[PDB]
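First structure 1, then structure 2: two forms of the same chain, each alone, as structure tokens.
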Structure 1
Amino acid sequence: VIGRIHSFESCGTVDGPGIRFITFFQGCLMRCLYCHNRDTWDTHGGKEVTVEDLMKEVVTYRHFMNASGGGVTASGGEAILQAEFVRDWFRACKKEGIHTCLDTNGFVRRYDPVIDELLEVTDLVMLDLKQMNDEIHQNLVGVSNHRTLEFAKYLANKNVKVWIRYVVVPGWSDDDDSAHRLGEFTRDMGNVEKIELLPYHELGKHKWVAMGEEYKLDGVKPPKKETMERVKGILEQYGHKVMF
């Protein structure tokens, strides 16, 4: 099986537990307006690769991983689109005593055997919930949030170590209603270890510019500690380790 990837960071510090080897896969079906990897969308592009090649790199960093309590992370655009390849990669990592992390948007269309097979070999999934209010979601992301929420149910329903990531963008996900909805939604499920909030940042805009596409959020400045603070409490009410 061939893997089409955008790039990889031999060892990032903000892509899950400890220091991790992150591979950014090519292609994404969503169109978040704040996406900092816009050049990650196209299905075509990015180098092809095999797990043999990947491991031939990830292993050399065993050191930083063990020492940081890290591992590897599948991210980029939407890794879940190359589910066959990813689960193969984790199967290889599992067999190296390596910890696996899947950074996804959970837009799972067909629940094939490979989905369960991937999750079977996945240690932690940082599932993004971009907006509980679908009216907003459809405009913020370009698609309904039903498939993602279903994937969330699915996960909880199988006790999968989850981290909910909620990117807080001004005027779109900073309001208190949306904060409760999330807090309520994820409360049901107890497999969601914590809720990591992420402040919006202008970056990866040039990726749009470079692609003659207009970056709408242009101008939008990052949210204030006050705001993040507010949301945090709203969610800490439902009893989550809401750590931003």
Structure 2
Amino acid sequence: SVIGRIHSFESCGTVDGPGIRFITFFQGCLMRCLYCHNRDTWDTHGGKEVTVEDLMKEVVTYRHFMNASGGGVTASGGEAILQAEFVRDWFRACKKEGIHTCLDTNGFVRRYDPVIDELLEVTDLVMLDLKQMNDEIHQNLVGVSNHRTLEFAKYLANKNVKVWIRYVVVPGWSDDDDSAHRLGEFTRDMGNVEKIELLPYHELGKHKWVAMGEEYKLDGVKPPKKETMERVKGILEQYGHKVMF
């Protein structure tokens, strides 16, 4: 029945645990972050066609490695939530195999049909990218308003879904102190954020823009100052957050 469109899949040791995570990067994203790591995930009509059956046969070989703490599967890519029906089925097949499931998303949910709730029932962890609390800047950095992502976040809180937050720090855009406080405050109130990951801006994936003959509006911006990272981090910890930077 449901077929999925993916950019790729790779197994990888979870940043902090002995387990391995099988990560499937779903094809397609409606955002256009100036710093996008892989713009090749943008096209919703690209990638490869795979069935739930196909992915599970790829995850099995890694089974022994997923029963270790952070071991499990992750739906990432561009925006995995755009293919919410398939991810639901994938996660359902994984749940019966005794596998931990993580939904890595930007939360750019357009409509709130029941499939989302179904998806969450079989989602052990939601990794939410919060790109910018100041919508003025968010529009300029991403190309869309953060309103939907923000509603989605509140949606997850009211459901008591365990959430980790990811925030990309970029000098001149998200290094602002007023923005760190807005983020720390907002996530504090959600009440379900268990940890925040601070990622310093990186000019990686730039060859994907130039390759497709496109202009990168951040080729002149450099990573954030080691001190600046400590600044925002310290600000977020004031709201009672574990910042795993």
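So that the term is clear: the rigid core is the largest set of C-alpha atoms that superpose within 1.5 Å between two forms. Residue indices: 1-based, along structure 1.
Fitting the two forms on the rigid core leaves the C-alpha of residue 50 displaced by under 2 angstroms between structure 1 and structure 2. When two forms of a protein are overlaid on their rigid core, residues whose CA moves 2 Å or more are considered shifted, and residue 19 is one of them between structure 1 and structure 2. Residue displacement note: residue 69 has its CA displaced by at least 2 Å between structure 1 and structure 2 (rigid core superposed). We note a C-alpha movement of 2.3 Å at residue 10 between structure 1 and structure 2, with the rigid core held in register. For residue 202, the Cα deviation between structure 1 and structure 2 after core superposition amounts to 0.9 Å.
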